[PDB]
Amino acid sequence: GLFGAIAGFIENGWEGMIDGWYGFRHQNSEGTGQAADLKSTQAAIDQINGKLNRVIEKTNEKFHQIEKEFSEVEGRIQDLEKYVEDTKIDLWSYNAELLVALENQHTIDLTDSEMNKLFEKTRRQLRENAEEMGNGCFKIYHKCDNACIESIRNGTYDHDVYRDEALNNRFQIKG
């Protein structure tokens, strides 16, 4: 949608991820693994619930109103009774239809945003030690075991610890 991550630079979802809406998949010299990210999953969920709650906020109650079904033909007055109600129904129907349209439109951009915000956040953290492969995967240019991967996910990764290893690997090479 607006940010182009979901159904964008990230090719497709993972039917495999059952423990959260957004997450990580890695392959390092020790193995491969997957893990949901719960902060962004919750951010996306909390916004969607908030939105949902605001829409179910109070059915207003109404008691005696006008008759809306008639069995005799009366003319002028009953035509107005019918017209007041039909123009009321088309107006509320318009509202319902425009409301879910704007809402859904926004719920897709919101979740697209969270996807991209997690991508950016991970980017910023890895500093000069990783490169973006352009499909949502970073190529980390230093030996990163499972504890290293865990620190990137739990947000405590210290880039300085690996920077000379990374920069040597990443640039130097032979050109």
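Throughout, we count residues from 1 along the sequence that is shown. Between two forms, the rigid core is the largest collection of C-alphas that superpose within 1.5 Å.
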| query | finding |
| --- | --- |
| Between stretches 54-62 and 119-127, more displaced by Cα RMS in 4 other deposited structures of this protein (rigid core superposition) | 54-62 |
| 26-34 against 146-154 - segment lying farther from this form in 4 other deposited structures of this protein (CA RMS, rigid core fit) | 26-34 |
| Of 67-75 and 81-89, the stretch whose C-alpha atoms average the higher B-factor in the entry | 67-75 |
| Given 105-113 and 47-55, the range whose Cα B-factors average higher in the PDB entry | 47-55 |
| Criterion, highest CA B-factor; candidates, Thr122, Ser29, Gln42, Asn135 | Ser29 |
